[PDB]
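One chain comes next, on its own, written out as structure tokens in the form solved without this ligand.
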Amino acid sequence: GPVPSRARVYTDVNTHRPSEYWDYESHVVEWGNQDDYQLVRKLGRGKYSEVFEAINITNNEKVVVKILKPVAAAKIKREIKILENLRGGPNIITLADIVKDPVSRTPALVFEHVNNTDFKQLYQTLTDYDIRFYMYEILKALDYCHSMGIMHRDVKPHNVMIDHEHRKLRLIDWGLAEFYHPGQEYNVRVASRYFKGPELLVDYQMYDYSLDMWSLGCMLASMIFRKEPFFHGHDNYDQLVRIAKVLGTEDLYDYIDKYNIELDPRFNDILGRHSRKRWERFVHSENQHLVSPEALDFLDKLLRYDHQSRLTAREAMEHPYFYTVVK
């Protein structure tokens, strides 16, 4: 059987809290008035929700309305509890109201306005200074939710909203977010393909906050090397092969050895044998101005197979890469 694993930080935050904090099923939703919000335009549709630009007609302030699809409606209380627990946190989206949509008859989450601009729209355009600045702002959010005993589990460019003109950032879509309980086995079908950690890809269920640090590392690698996405798998199996072509197969076998994981035998015909690549392999004339010894050292410490060997959000914020950022 697999060897158990525990978070090296904020391990017991929820164990010490009263049940009310993490027992989301016991939470009683104070339903608002759906009439207060007039939908303006559909911003997008995912497999679990529909997002709209809206106006709170009473105060004329712009808001964002997220309407849950029937498939996601069942986990409404988890997302509400997390959003309320984190409200006021640095760079975390602010929940303004919870209403029952009259058409879908599913819950609708109302958020204070943030720019329609995803980080995906800008992150391949940033200077060396701005990559550092924005990565620090993201770290602020991650360290805060981790310190509050929450894992985001869907860190990706589409889940970061940016107001570049006003140097403002918000970490959004807390729909897959979960409370960390030590020893708990979680669902590996979380995060988007390109941002999935090796723990997910090898089916190791006893993961923690460090999952978010891998996802952040993928985002950094894509920004500094101008390669969208950095690990470009055709499916979840090929995703592990793409990572192994960079990090090597020897450290992957060491990782699975350490946690006594049994790799899906389909990997025997595609994984092959690969040496760890030096990061300078990914440097070229177009991205060299974004690459520094500090950036590469920082990336090296995020993109590790062993989820326990990855920098934590706080340790990441202490990194020399962030010394040039005004604090």
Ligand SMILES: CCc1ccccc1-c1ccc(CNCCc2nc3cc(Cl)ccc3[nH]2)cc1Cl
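Position 1 is the first residue in the sequence shown; the rest follow in order.
Beyond the structure shown, there is the form solved in complex with this ligand, which is absent from this document and is the topic of what follows.
Take this ligand as it sits in the deposited complex, overlay the site C-alphas onto this chain, and 3 or more of its atoms land within 2.4 Å of the backbone or a C-beta, so the site here is blocked. Put simply, residue 87 is far from this ligand in the deposited complex: not one heavy atom of it is within 4.5 Å. Taking the partner from the other structure, this ligand in the deposited complex has a heavy atom within 4.5 Å of a heavy atom of residue 51. At the 4.5 Å threshold, heavy atoms of residue 161 reach this ligand in the deposited complex. Taking non-hydrogen atoms only, residue 147 never approaches this ligand to within 4.5 angstroms in the deposited complex. Contact annotation: of the candidates 96, 126, 243, 191, the single residue with a non-hydrogen atom within 4.5 angstroms of this ligand in the deposited complex is 126. Checking 82, 135, 211, 141 against this ligand in the deposited complex, a heavy atom within 4.5 Å turns up for just one residue: 135. Looking at 101-128, the residues that come within 4.5 Å of this ligand in the deposited complex, counting any heavy atom, are 116, 119, 126.
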